[PDB]
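Written out below as structure tokens is the structure these notes cover.
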Amino acid sequence: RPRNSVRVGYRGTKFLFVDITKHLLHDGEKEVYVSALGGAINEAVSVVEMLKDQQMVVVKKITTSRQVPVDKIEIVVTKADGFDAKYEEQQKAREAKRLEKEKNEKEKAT
Amino acid sequence: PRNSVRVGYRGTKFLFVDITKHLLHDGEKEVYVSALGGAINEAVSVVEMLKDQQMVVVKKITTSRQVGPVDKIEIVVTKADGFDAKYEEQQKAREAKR
Amino acid sequence: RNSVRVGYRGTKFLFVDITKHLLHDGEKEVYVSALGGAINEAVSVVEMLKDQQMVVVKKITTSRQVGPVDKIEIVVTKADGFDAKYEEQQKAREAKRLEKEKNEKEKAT
Amino acid sequence: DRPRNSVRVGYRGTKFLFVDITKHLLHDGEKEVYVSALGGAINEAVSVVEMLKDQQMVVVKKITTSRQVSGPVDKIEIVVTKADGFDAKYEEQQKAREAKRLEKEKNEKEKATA
């Protein structure tokens, strides 16, 4: 299973696969292959629609297939315009809240 | 079990595969197979069944989202080569059995 | 015209009709069950039967089989006045089948 | 708009989060938790309860279905209570979550001072 292939399934959440896809595009991957089998095909669409709602990715290709019956979808997404700028502002905002929670937790303990 | 009703999608995929075949046979150059939310899976399997029967080829697949959000898939299928010959053979076998 | 929208409306009606026929055809209780993503439609099938005042829910259980597959099982029995309401639907379904048959022959023009 | 002991399973959260919320609410005094969902999320509410049943944490006290307006919207509601040995199995899960939190904090401060 390649690094740029995210398998959407029940051993995870839609929020986790969105985060993994964002991290893979930010961490060198030019394109991410978002795939799912059978009843999870809709959930793979929800993962990509969330990335599109956040204006982070653009869909490059969608294919359906049947593998060894089990049906399969595969959506290939690449970085959208302003991905780096919108990912780093979200990282800055997530660290600001992670430190403020730590600082107030330490202060509450003292 | 006579008193057990199993609710499922098997009779739904066969109906929509049949509907799609009839529209292609009745003049339509392309059929837009779409579904919302949890029905996206059945729409994909409906197209895979049509591809398995060598009836259609996928020309385009798009996804969209409307306002819980509602996700939508849209698969555009066209006639494959030898559709008429396989549609007439499927009709002959269904009329023979009826 | 060239757009096929795949959905569950009609499939819920088939199982609503099947459940009604099985209760009318001797069965005291019908077990309405479904797996995974069809659990929602199985619940809607029973809610449709409840609005028609045809069944009453006797028991609902959930279970898990080997990803894992979840299962619901709703046991419905006849409601009071089911026979009186089923006979009015059968009579009305026959009035329409004779009308469609007579219309088919009258369309010989 | 809902009571404290009512968990609404939906798209604003994961099944893992609703399982944890239900466990936390039962451990923090609540005698019963109402696990409910609407329409296409009804199956996901069933998976949340089945996960709690696999962990032998809850027992199902009641399941009801109903219909409300938005077309009509169908709803499931599962009432769960503590199973026997819930406290002993929840305390082992709490103990296991602190062990991993202290192992990560101790290791990440060790790595920062190498």
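For the structure tokens, the naming scheme is as follows: chains receive sequential letters (A, B, ...) according to their order of presentation, residues are indexed from 1 within each chain, and ligands are indexed from 1 in presentation order.
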Next item on the list: Return as a ChimeraX atom specification the residues belonging to chain A that are within 6 Å of chain B, counting only C-alpha atoms.
Entry: /A:39,41-42
Saved selection, atoms kept: N, CA, C and O atoms, as a JSON list (two decimals), in the first residue's frame:
[["chain", "number", "residue", "atom", "x", "y", "z"],
["A", 39, "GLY", "N", -19.65, -0.42, 0.75],
["A", 39, "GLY", "CA", -20.45, 0.52, 1.51],
["A", 39, "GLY", "C", -19.72, 1.76, 1.97],
["A", 39, "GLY", "O", -20.37, 2.71, 2.42],
["A", 41, "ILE", "N", -17.87, 3.57, -0.09],
["A", 41, "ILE", "CA", -17.65, 4.43, -1.26],
["A", 41, "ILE", "C", -18.22, 5.83, -1.02],
["A", 41, "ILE", "O", -17.61, 6.83, -1.39],
["A", 42, "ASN", "N", -19.40, 5.91, -0.38],
["A", 42, "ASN", "CA", -19.97, 7.21, -0.07],
["A", 42, "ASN", "C", -19.11, 7.97, 0.93],
["A", 42, "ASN", "O", -18.94, 9.19, 0.81]]
Write out as a list in words every residue belonging to chain D that has an atom at most 9 Å from any atom of chain A, counting only C-alpha atoms.
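Interface list for chain D against chain A: residues 13, 14, 15 and 16 of chain D.
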Taking only C-alpha atoms into account, produce a table as a Markdown table in which each residue of chain D with an atom at most 9 Å from an atom of chain C appears once, together with its shortest atom pair and the distance in Å to one decimal, ordered by chain and rising number.
| residue | atom | partner | partner_atom | distance |
| --- | --- | --- | --- | --- |
| D:38 | CA | C:40 | CA | 8.9 |
| D:39 | CA | C:40 | CA | 6.3 |
| D:40 | CA | C:40 | CA | 5.9 |
| D:41 | CA | C:40 | CA | 7.5 |
| D:42 | CA | C:40 | CA | 5.5 |
| D:43 | CA | C:39 | CA | 5.5 |
| D:44 | CA | C:37 | CA | 8.6 |
| D:46 | CA | C:62 | CA | 7.2 |
| D:47 | CA | C:70 | CA | 6.6 |
| D:49 | CA | C:62 | CA | 8.7 |
| D:50 | CA | C:64 | CA | 6.7 |
| D:54 | CA | C:64 | CA | 8.9 |
| D:60 | CA | C:61 | CA | 8.9 |
| D:62 | CA | C:60 | CA | 8.3 |
| D:63 | CA | C:60 | CA | 6.1 |
| D:64 | CA | C:60 | CA | 7.4 |
| D:65 | CA | C:43 | CA | 7.1 |
| D:66 | CA | C:47 | CA | 6.8 |
| D:67 | CA | C:47 | CA | 6.7 |
| D:73 | CA | C:44 | CA | 8.7 |
| D:74 | CA | C:44 | CA | 6.3 |
| D:75 | CA | C:43 | CA | 8.1 |
| D:76 | CA | C:43 | CA | 7.9 |
Each chain D residue no farther than 9 Å from chain B, nearest pair in Å, only C-alpha atoms, as JSON lines:
{"residue": "D:10", "atom": "CA", "partner": "B:68", "partner_atom": "CA", "distance": 8.0}
{"residue": "D:11", "atom": "CA", "partner": "B:68", "partner_atom": "CA", "distance": 6.7}
{"residue": "D:12", "atom": "CA", "partner": "B:68", "partner_atom": "CA", "distance": 8.3}
{"residue": "D:40", "atom": "CA", "partner": "B:38", "partner_atom": "CA", "distance": 7.0}
So, counting only C-alpha atoms, which residue among A:11, A:43, A:77, A:98 is closest to chain C?
->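 Counting only C-alpha atoms, the residue closest to chain C is A:11.
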request  = Dump as a ChimeraX atom specification the residues of chain B that approach chain C to within 8 Å, counting only C-alpha atoms.
outcome  = /B:3-9,11-12,16,19-20,23,28,30-36,38-40,42-43
**Request:** Quote the spacing between atom CA of residue A:26 and atom CA of residue A:49 in Å to one decimal place.
**Result:**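 These atoms are spaced 18.4 Å apart.
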With distances taken over only C-alpha atoms, the candidate from A:17, A:4, A:40, A:31 nearest chain C is A:40
Review point. Within 7 Å of residue A:71, counting only C-alpha atoms, which residues qualify if same-chain residues fewer than 3 places away don't, as a ChimeraX atom specification?
Key: /A:37-38,65-67 /B:45
Could you pull out the alpha helix (DSSP H) residues of chain C from DSSP and send them as an mmCIF file with N, CA and C atoms, in the first residue's frame?
data_model
loop_
_atom_site.group_PDB
_atom_site.id
_atom_site.type_symbol
_atom_site.label_atom_id
_atom_site.label_comp_id
_atom_site.auth_asym_id
_atom_site.auth_seq_id
_atom_site.Cartn_x
_atom_site.Cartn_y
_atom_site.Cartn_z
ATOM 1 N N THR C 11 -38.397 0.917 -3.173
ATOM 2 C CA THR C 11 -37.882 -0.269 -2.504
ATOM 3 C C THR C 11 -38.503 -0.397 -1.121
ATOM 4 N N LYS C 12 -38.673 0.732 -0.430
ATOM 5 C CA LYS C 12 -39.381 0.718 0.845
ATOM 6 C C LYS C 12 -40.841 0.336 0.645
ATOM 7 N N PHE C 13 -41.433 0.758 -0.476
ATOM 8 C CA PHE C 13 -42.824 0.419 -0.760
ATOM 9 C C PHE C 13 -42.991 -1.073 -1.021
ATOM 10 N N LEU C 14 -42.014 -1.694 -1.685
ATOM 11 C CA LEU C 14 -42.096 -3.126 -1.956
ATOM 12 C C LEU C 14 -42.109 -3.926 -0.660
ATOM 13 N N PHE C 15 -41.218 -3.585 0.272
ATOM 14 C CA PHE C 15 -41.164 -4.305 1.539
ATOM 15 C C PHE C 15 -42.336 -3.943 2.441
ATOM 16 N N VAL C 16 -42.868 -2.725 2.315
ATOM 17 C CA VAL C 16 -44.109 -2.389 3.006
ATOM 18 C C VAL C 16 -45.248 -3.258 2.484
ATOM 19 N N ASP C 17 -45.312 -3.442 1.163
ATOM 20 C CA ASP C 17 -46.347 -4.285 0.571
ATOM 21 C C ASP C 17 -46.150 -5.750 0.945
ATOM 22 N N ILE C 18 -44.906 -6.235 0.896
ATOM 23 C CA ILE C 18 -44.625 -7.624 1.254
ATOM 24 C C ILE C 18 -45.028 -7.898 2.698
ATOM 25 N N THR C 19 -44.677 -6.988 3.612
ATOM 26 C CA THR C 19 -45.043 -7.167 5.014
ATOM 27 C C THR C 19 -46.556 -7.207 5.191
ATOM 28 N N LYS C 20 -47.277 -6.330 4.487
ATOM 29 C CA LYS C 20 -48.735 -6.337 4.565
ATOM 30 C C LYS C 20 -49.309 -7.649 4.044
ATOM 31 N N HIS C 21 -48.773 -8.150 2.928
ATOM 32 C CA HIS C 21 -49.278 -9.395 2.358
ATOM 33 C C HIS C 21 -49.007 -10.580 3.277
ATOM 34 N N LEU C 22 -47.832 -10.614 3.910
ATOM 35 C CA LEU C 22 -47.496 -11.744 4.773
ATOM 36 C C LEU C 22 -48.362 -11.766 6.026
ATOM 37 N N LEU C 23 -48.659 -10.595 6.593
ATOM 38 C CA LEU C 23 -49.540 -10.554 7.755
ATOM 39 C C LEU C 23 -50.956 -10.964 7.375
ATOM 40 N N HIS C 24 -51.413 -10.546 6.193
ATOM 41 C CA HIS C 24 -52.741 -10.931 5.730
ATOM 42 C C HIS C 24 -52.801 -12.410 5.368
ATOM 43 N N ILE C 39 -30.249 -0.645 7.383
ATOM 44 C CA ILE C 39 -30.960 -0.521 8.652
ATOM 45 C C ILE C 39 -31.862 0.708 8.634
ATOM 46 N N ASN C 40 -31.404 1.789 7.994
ATOM 47 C CA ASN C 40 -32.219 2.995 7.906
ATOM 48 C C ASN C 40 -33.495 2.739 7.116
ATOM 49 N N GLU C 41 -33.387 2.030 5.989
ATOM 50 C CA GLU C 41 -34.566 1.727 5.185
ATOM 51 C C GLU C 41 -35.506 0.763 5.897
ATOM 52 N N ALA C 42 -34.963 -0.187 6.663
ATOM 53 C CA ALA C 42 -35.818 -1.085 7.435
ATOM 54 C C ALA C 42 -36.603 -0.323 8.494
ATOM 55 N N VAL C 43 -36.003 0.721 9.069
ATOM 56 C CA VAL C 43 -36.721 1.535 10.043
ATOM 57 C C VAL C 43 -37.793 2.363 9.348
ATOM 58 N N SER C 44 -37.488 2.871 8.152
ATOM 59 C CA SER C 44 -38.473 3.638 7.398
ATOM 60 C C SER C 44 -39.620 2.762 6.912
ATOM 61 N N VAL C 45 -39.347 1.491 6.607
ATOM 62 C CA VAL C 45 -40.411 0.577 6.193
ATOM 63 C C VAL C 45 -41.415 0.385 7.322
ATOM 64 N N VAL C 46 -40.927 0.285 8.560
ATOM 65 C CA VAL C 46 -41.823 0.087 9.694
ATOM 66 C C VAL C 46 -42.573 1.375 10.009
ATOM 67 N N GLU C 47 -41.896 2.520 9.895
ATOM 68 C CA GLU C 47 -42.561 3.797 10.134
ATOM 69 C C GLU C 47 -43.652 4.053 9.101
ATOM 70 N N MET C 48 -43.430 3.627 7.856
ATOM 71 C CA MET C 48 -44.473 3.731 6.841
ATOM 72 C C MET C 48 -45.667 2.856 7.197
ATOM 73 N N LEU C 49 -45.406 1.637 7.676
ATOM 74 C CA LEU C 49 -46.484 0.757 8.114
ATOM 75 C C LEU C 49 -47.216 1.320 9.327
ATOM 76 N N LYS C 50 -46.500 2.016 10.214
ATOM 77 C CA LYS C 50 -47.140 2.598 11.390
ATOM 78 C C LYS C 50 -48.041 3.770 11.021
ATOM 79 N N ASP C 51 -47.628 4.590 10.050
ATOM 80 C CA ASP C 51 -48.484 5.692 9.619
ATOM 81 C C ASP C 51 -49.769 5.176 8.985
ATOM 82 N N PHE C 82 -56.648 -3.929 10.908
ATOM 83 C CA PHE C 82 -55.801 -4.235 9.759
ATOM 84 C C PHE C 82 -56.614 -4.893 8.651
ATOM 85 N N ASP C 83 -57.372 -5.936 8.998
ATOM 86 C CA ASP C 83 -58.175 -6.646 8.007
ATOM 87 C C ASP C 83 -59.161 -5.707 7.326
ATOM 88 N N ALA C 84 -59.782 -4.811 8.096
ATOM 89 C CA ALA C 84 -60.723 -3.864 7.509
ATOM 90 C C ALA C 84 -60.020 -2.873 6.591
ATOM 91 N N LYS C 85 -58.773 -2.511 6.904
ATOM 92 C CA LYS C 85 -58.030 -1.577 6.066
ATOM 93 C C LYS C 85 -57.318 -2.271 4.910
ATOM 94 N N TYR C 86 -56.961 -3.548 5.070
ATOM 95 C CA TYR C 86 -56.345 -4.286 3.971
ATOM 96 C C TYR C 86 -57.359 -4.615 2.882
ATOM 97 N N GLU C 87 -58.610 -4.882 3.265
ATOM 98 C CA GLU C 87 -59.624 -5.217 2.271
ATOM 99 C C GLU C 87 -60.024 -4.002 1.443
ATOM 100 N N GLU C 88 -59.955 -2.802 2.023
ATOM 101 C CA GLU C 88 -60.235 -1.598 1.248
ATOM 102 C C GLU C 88 -59.119 -1.293 0.259
ATOM 103 N N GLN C 89 -57.877 -1.649 0.595
ATOM 104 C CA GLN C 89 -56.769 -1.438 -0.329
ATOM 105 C C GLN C 89 -56.777 -2.460 -1.460
ATOM 106 N N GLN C 90 -57.174 -3.701 -1.171
ATOM 107 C CA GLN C 90 -57.280 -4.705 -2.226
ATOM 108 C C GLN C 90 -58.388 -4.356 -3.212
ATOM 109 N N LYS C 91 -59.550 -3.933 -2.707
ATOM 110 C CA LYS C 91 -60.638 -3.522 -3.590
ATOM 111 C C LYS C 91 -60.226 -2.336 -4.455
ATOM 112 N N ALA C 92 -59.467 -1.396 -3.884
ATOM 113 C CA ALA C 92 -59.050 -0.222 -4.644
ATOM 114 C C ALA C 92 -57.958 -0.559 -5.648
ATOM 115 N N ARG C 93 -57.145 -1.572 -5.358
ATOM 116 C CA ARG C 93 -56.114 -1.968 -6.307
ATOM 117 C C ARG C 93 -56.717 -2.732 -7.469
ATOM 118 N N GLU C 94 -57.824 -3.431 -7.234
ATOM 119 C CA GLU C 94 -58.518 -4.050 -8.351
ATOM 120 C C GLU C 94 -59.342 -3.079 -9.183
ATOM 121 N N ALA C 95 -59.974 -2.076 -8.577
ATOM 122 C CA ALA C 95 -60.665 -1.087 -9.395
ATOM 123 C C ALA C 95 -59.701 -0.474 -10.403
ATOM 124 N N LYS C 96 -58.454 -0.240 -9.984
ATOM 125 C CA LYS C 96 -57.462 0.360 -10.869
ATOM 126 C C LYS C 96 -56.894 -0.627 -11.892
ATOM 127 N N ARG C 97 -56.854 -1.927 -11.586
ATOM 128 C CA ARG C 97 -56.335 -2.873 -12.574
ATOM 129 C C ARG C 97 -57.344 -3.114 -13.690
ATOM 130 N N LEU C 98 -58.637 -3.111 -13.360
ATOM 131 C CA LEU C 98 -59.657 -3.208 -14.397
ATOM 132 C C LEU C 98 -59.714 -1.934 -15.229
ATOM 133 N N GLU C 99 -59.500 -0.779 -14.594
ATOM 134 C CA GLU C 99 -59.508 0.480 -15.332
ATOM 135 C C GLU C 99 -58.339 0.554 -16.305
ATOM 136 N N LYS C 100 -57.143 0.165 -15.860
ATOM 137 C CA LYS C 100 -55.995 0.133 -16.759
ATOM 138 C C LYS C 100 -56.177 -0.903 -17.861
ATOM 139 N N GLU C 101 -56.848 -2.017 -17.560
ATOM 140 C CA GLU C 101 -57.113 -3.017 -18.588
ATOM 141 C C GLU C 101 -58.126 -2.506 -19.605
ATOM 142 N N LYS C 102 -59.202 -1.871 -19.134
ATOM 143 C CA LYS C 102 -60.193 -1.318 -20.051
ATOM 144 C C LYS C 102 -59.611 -0.171 -20.866
ATOM 145 N N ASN C 103 -58.743 0.638 -20.254
ATOM 146 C CA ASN C 103 -58.110 1.731 -20.985
ATOM 147 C C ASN C 103 -57.160 1.204 -22.051
ATOM 148 N N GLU C 104 -56.480 0.089 -21.767
ATOM 149 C CA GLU C 104 -55.551 -0.481 -22.737
ATOM 150 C C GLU C 104 -56.277 -0.930 -23.998
ATOM 151 N N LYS C 105 -57.471 -1.505 -23.845
ATOM 152 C CA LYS C 105 -58.244 -1.931 -25.005
ATOM 153 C C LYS C 105 -58.943 -0.762 -25.685
ATOM 154 N N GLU C 106 -59.377 0.239 -24.914
ATOM 155 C CA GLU C 106 -59.988 1.421 -25.510
ATOM 156 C C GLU C 106 -58.980 2.258 -26.283
#
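Here atom CA of residue A:7 is placed at a distance of 10.2 Å from atom CA of residue A:73.
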**Message:** Please list as an NGL selection string every residue within 8 Å of residue D:22, counting only C-alpha atoms and excluding residues in the same chain fewer than 4 positions away.
**Reply:** :D and (7 or 18 or 26 or 33)
Neighbour list for residue A:60 as a list in words, cut-off 10 Å, only C-alpha atoms, skip fewer than 5 positions in-chain: residues 31, 32, 33, 75, 76, 77, 78 and 79 of chain A
